[PDB]
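Below is the structure I would like to discuss, written out as structure tokens.
To keep things simple, chains are lettered A, B, C, D, E, F, G, H, I, J and K as they appear, and every chain counts its residues starting from 1.
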Amino acid sequence: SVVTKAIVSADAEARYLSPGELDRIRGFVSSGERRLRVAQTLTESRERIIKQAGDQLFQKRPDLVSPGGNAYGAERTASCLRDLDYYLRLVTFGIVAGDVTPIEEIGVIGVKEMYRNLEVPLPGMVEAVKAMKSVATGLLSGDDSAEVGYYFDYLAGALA
Amino acid sequence: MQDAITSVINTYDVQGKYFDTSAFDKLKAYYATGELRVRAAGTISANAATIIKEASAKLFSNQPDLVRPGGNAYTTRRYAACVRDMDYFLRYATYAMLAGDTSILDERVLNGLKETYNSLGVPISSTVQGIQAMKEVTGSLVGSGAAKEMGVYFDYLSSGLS
Amino acid sequence: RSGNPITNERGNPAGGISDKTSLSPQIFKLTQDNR
Amino acid sequence: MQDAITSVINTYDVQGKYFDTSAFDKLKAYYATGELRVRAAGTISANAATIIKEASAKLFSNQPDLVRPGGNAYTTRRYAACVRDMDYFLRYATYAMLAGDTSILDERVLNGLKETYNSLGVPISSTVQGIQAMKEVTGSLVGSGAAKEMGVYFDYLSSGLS
Amino acid sequence: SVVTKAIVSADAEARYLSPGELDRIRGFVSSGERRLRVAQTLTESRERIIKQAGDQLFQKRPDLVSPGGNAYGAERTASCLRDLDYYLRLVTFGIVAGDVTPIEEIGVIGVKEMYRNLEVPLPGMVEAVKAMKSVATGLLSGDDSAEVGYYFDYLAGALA
Amino acid sequence: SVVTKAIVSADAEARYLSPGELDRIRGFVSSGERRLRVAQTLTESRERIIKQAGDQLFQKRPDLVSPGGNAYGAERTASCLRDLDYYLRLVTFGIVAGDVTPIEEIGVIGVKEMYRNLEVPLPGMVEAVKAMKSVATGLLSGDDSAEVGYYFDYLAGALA
Amino acid sequence: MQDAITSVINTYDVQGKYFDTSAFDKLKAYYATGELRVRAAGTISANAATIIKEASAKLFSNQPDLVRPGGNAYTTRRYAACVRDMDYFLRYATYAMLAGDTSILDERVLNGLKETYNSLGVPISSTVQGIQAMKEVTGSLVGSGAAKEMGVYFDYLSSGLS
Amino acid sequence: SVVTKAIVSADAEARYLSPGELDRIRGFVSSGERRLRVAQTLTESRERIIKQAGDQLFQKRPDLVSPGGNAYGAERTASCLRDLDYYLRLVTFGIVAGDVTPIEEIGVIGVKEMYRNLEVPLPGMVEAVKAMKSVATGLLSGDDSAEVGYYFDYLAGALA
Amino acid sequence: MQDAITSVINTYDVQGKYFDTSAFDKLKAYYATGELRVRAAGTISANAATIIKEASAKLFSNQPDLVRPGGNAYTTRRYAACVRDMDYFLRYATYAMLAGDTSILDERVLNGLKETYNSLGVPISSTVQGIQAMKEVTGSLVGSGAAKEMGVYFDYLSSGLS
Amino acid sequence: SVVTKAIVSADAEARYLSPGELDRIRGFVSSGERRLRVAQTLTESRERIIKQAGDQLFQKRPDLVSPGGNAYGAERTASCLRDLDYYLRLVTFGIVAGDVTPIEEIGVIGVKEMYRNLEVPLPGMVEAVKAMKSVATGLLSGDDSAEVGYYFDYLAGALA
Amino acid sequence: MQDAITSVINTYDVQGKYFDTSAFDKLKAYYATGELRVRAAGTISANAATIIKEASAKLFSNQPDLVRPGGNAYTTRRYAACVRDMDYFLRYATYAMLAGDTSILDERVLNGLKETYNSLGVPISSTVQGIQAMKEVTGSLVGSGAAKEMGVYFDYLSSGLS
């Protein structure tokens, strides 16, 4: 979270929070309500986002579902869409937290080794996250989509 | 280190569930109390040296044997380490209050502290008395509500040590 | 700390580069011309 | 570490004797089994990542709780940690097999692993299941003769954890 | 080579080579003729090995050449077979050297970030080197087939 | 042994054994039979080797058994012969192990400290080991003599 | 560490008093023996190798099994470790004799040494016999006045192990 | 002390004390008699030194004892003179020890943080130490005056 | 460092072509002398101390001024440096011989060695005589066939110095 | 010299020489003439010290001059005596300088390896230098013989 | 480094000769000068701050551009470095004076000092002027007899920079 990150930065320097961290926390708690509304928007329509993003991903990379691909079969495609559900939930967690700390801790640390064991192509994950970002920015209105995109951007940069 | 928001995020992640009304209620409560927390934290940050001075004076007045020869706070280095410890307790209570959770106290303060003091020979009861001295000193500066809020963390430190 | 108590990084982030006291171990530095 | 040849050497050193017929028989047994050991070691080195893949997949299919939310293997971090532990187990079991002794398993792996897992919260039962999964996966790859030799070391790791 | 590693290991401890190091060098140079004729057999079989290895690669992994895959198109397949030729040449170099060092300083050190730059799946790489192992070990004699297959094992493990 | 050194070398680098290490293990396992025959030959002739080596050493270095020498007297000469017996046993251990690892860990690490503590001259150790080398390789055939001479070489170089 | 001067300084600083007649008499007593202590330390430093030689020879004459196959000191490595430990004991006894206090033995030698030896399998009784051999050898070289002082620190080491 | 410093230096290198530092200890135990006499002189005249230095300081710095001053009042002036007594005792300890180490450990390390916590001005500390130096130097002989002034200047520089 | 095999690998890799008949013949030539090189290295390993001792004795008998006061070899430290240099030269000549390449000498031994000796005042001529002395002493023991292949590298070292 | 050691220490902790060190240097320079008398007295008695020490060594160790011994023969015994002369001169140098640093820089740094290269027993060296101590101490008065015995003992410990 | 005594030691070691009358004359000369050297060294050590005071004042008065913005003395850290350099020069001049030989100055102060100052932009001439400032203040303070001796080392440093 923003508060946890500020506290950690202050502890690293063994000092109390200065006016900068304090008023950034005040801004963060002031804007918490609109963050909650944005998270509600993505939570209520999660299945739409997952299905649209899976469709766009398979359009861009049909080889994933093709014979010999990792997403070949109904079960493996279900696992793909379930991973997209995981990452959407993590993105909503990051939105409510105001930081990418939940995304990083739950789904970025060790993602390379995990998807290597599963033999999942990381680039395919990248287009999947980009499709999710396009859909989510489609649903959100104006500046809200902006910050949501940032989280998705980070996730893409995390996976590439 | 987890605050209230991170605690809700974790309790919803371990279940694999998306956020619902109850989680939004909890986060809204934290956002409501955030302004009080920030004001109290700023007040304590501005007056940290005064709080430490007042509380150390009160403790060494109530227990003068500490700073007299034969007391654990008798040398310049040991007095410095004593006020340094009081600075730790105040700063980390400020962190815990701002986060809204006592995880940082089990997490960065009280883990192995009893063993450390017992190895050093530091008095535990006197340190608890000093933590209180800081609590009464800080409550007056921060006001009634912020004192009620910081009291849970100071009492947490006292109970963990005791 | 094996040395000055108030040089711990938790209280003093710059305590590592602080001046050594008589409480600290022997410090061996190689100033011999580093040719 | 210590292997079979060094084991014979060490026992005859402690006893302070030259080699007898029994020692030469033990050494001949090791020399007989060595070529099979080398074949199995090369096979496992070739297929290490594969063996880990099917063994982990089998374990997480038999115990789907681990990978699902609230499971010990549920995170990218925790899943990668599980795969890393399994890779360590496979590599050191291969070392023990090629050596012909389980001493390396005692020192490098087993001396401290139970306490580590108990402090971390890792389920030891599921870890023994993962080791058994690696055993039955690698048996089909190395061949029956090499499977018999590798099984004793996988059983040694499983018994050390249990 | 074997002599290179032995000399470096002896020099690190500032001491002459041990009887074990001398024994391994003696065994290496004693088997020079066999590994040399093995490398000759491998090098005289450029295109059969390359083409059959590519065929097994593409028929076990159809999605490399499928639209959207890494090797889709004629030029990308040509680059695939070119890399196969590279690794075959490296295997010959390692066979004559008696060690996998030439493969390491040429083809193993930095291969992961190389193929991550090229967006080349590593499971595809290990499948390709496995196919080349099969094709090459088919041609060689039983005694020499194992010697070739051990270096192919090292290459397959090194890729993924 | 050969297996132990290869495995510790692999483990220090967090890797499986390389093809060269596996080939070296294969060679050692193949030669184990002649290794054991040589070890039996040396073990059976231990008393003759010790007697002749002691006589030759004291003929080459009469100062050791001269008055004031470290080996003056029947008891100290007996202890000298006992040390020769130790080192012959260690040589047989090194032969069966295929490496000088048992020799190093049992009788080379800290031997200079031990002989400084015992007023035992290391040069005398050197001619004693050379005498054992001569006497022992006198009994063995040429191929056996070479391998046993390598181990006596290592021991003499370590004492020197 | 803490020598006799620093020991008196600490025992008077903890009380908060100035040096009185008794303290000054203790300081005089320490300063009187300074020449004897320096002479003994120089003598031991000059003859340390000889002392370890004779002490080890007597210890392994009384207990030959230590340096025979199956004994804790049977190898070149373990014999060297034995004589290294004896050298450490002699050097630290010399330090304690120079300082006139046994603090350095407790905080540089005897801190966890008994359990270190127990974990290693080192025979503590044989180590004590070696320390006694070192004491009786050193006494002849240093002279009776210095022998009496070296004895107390040798017995302090012996009681620390025992 | 000098003995402790020499022993620590010899221990850090894992060696016996060299003849030079043994000569240093010899000189220290030689000077012990006169250094004890100096320390005893300081101990006997402690009340006179404390009264003289306190009066001199309070005249030199009227602000400390004036209302609003740190030492204003009976109890606070008593605390001031008690601190002076601590530092005089520390200087006696340093004289007997032959180095400033007792002074450093007991009353120098962390002194600035202590007096910062106590709102005690450090320039007043320095002037009080200088006043005690002048008074003591006046009371004892010229030859020992330099030795005492060494410790007093160390304390003054440390407090500065 | 690179031997003959690594050198041909470098050439054929920068050229980008597989091995041809000429390089196969070159590898045959290396493998032919591998046995002799290993045997010579094994011989030199034992006699390194003896070769260095005899070379130092001959060099200092021919040039006693070096060890007499005012000479460059006159001290324990400078005599140490002299015999250490000869040890290094012998070892690196053995390394180059077993590798079959003189590049290892250039990378470590001869990189500015003349300038360093002139800077420190070491006589180049007497170093050349020491290298030559090591040459005949080694050749007397290795055997004429090994003597030639060792003397080629000794001559290379001498010519590099002079 | 004492001055050199004091200066290198002062430079090491980086401050001007402490008053105690100035006292030490004055004590050293004020005693220089006595050291010069000691050095001259030892120089006048070169031959007696050297030859009596050599005789004592060869009485304790007949093997060193026995056939096969290190010092067997007239020329090798002469080299023995010349080494003793070297060390006697170094001891006089150290007495003049006031410490053992000349003896280190000329005779101790690398002595072990050198006598190993010459196959000279270090126990013989310590016996010889102890004999030189015994001879040289008698020539001098008690106060001076103590100082000279310090250097001889230090050299004996350094050799051992 | 080397002082006056060690210079005689080395001159007689290179010849290999024992001490003779001329050596004793040189040594007695140094011993006689020793008391003056010690007294001057103590005077400098007591007042070193004051010499720095006056020398820095005079140097910056002659060249005010340094302290002013754009000069090489313009900032607190850089001014502190400026005065610390003069402290270095005074301390090492005192060391060389007390030793009696200028070798320490070559080994430590002037070993690459000119090149380092040129790279850092330090003006050699201005630092030299500071050197004569310290030299003249020292000459005034310590009396003409010790002034003549200290001037040798000061002009040595000045010419080393020059």
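What we mean here is this: a residue touches a chain if its C-beta (ideal position, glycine included) is under 8 Å from a C-beta of that chain, and two chains touch if they have at least 3 such contacts.
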Separation of subunit H from subunit D in steps, with touching chains one step apart: 2
Contact-richer chain pair [I-J vs F-I]: I-J
Candidate from F-G, F-I or J-K with the same interface as I-J, over half of contact pairs in common: F-G
Per Cα centroids, the chain farthest from subunit A: J
Geometric centre distance via CA averages, subunit H-subunit B, whole Å: 38
For subunit D paired with subunit I, centre-to-centre distance based on mean C-alpha positions, whole Å: 47
Junction residues of subunit B, two or more chains touched: 13, 16, 77-78, 80-81, 84
Subunit C residues counted as touching two or more neighbouring chains: 4-6, 10-11, 23
Numbers and ranges of subunit H residues touching at least 2 other chains: 8, 16, 19, 22, 98, 101, 105-106, 109-110, 113
Subunit D residues touching subunit A - in the complex, by the definition given at the top: 49, 52-53, 56, 75-81, 83-84
In the complex, subunit H residues that touch subunit C: 8-9, 12, 101, 104-105, 109-110, 113
Residues on subunit C engaged by subunit B in the complex (per definition of touch): 4-6, 10-11, 23
Residues of subunit J touching subunit G in the complex: 150, 153-154, 156-157, 160
Interface residues, subunit J side, partner subunit K - complex: 1, 3-4, 7-8, 10-11, 14-17, 19, 22, 25-26, 28-30, 32-33, 36, 39-40, 43, 46, 89, 92-93, 96-98, 101-102, 106
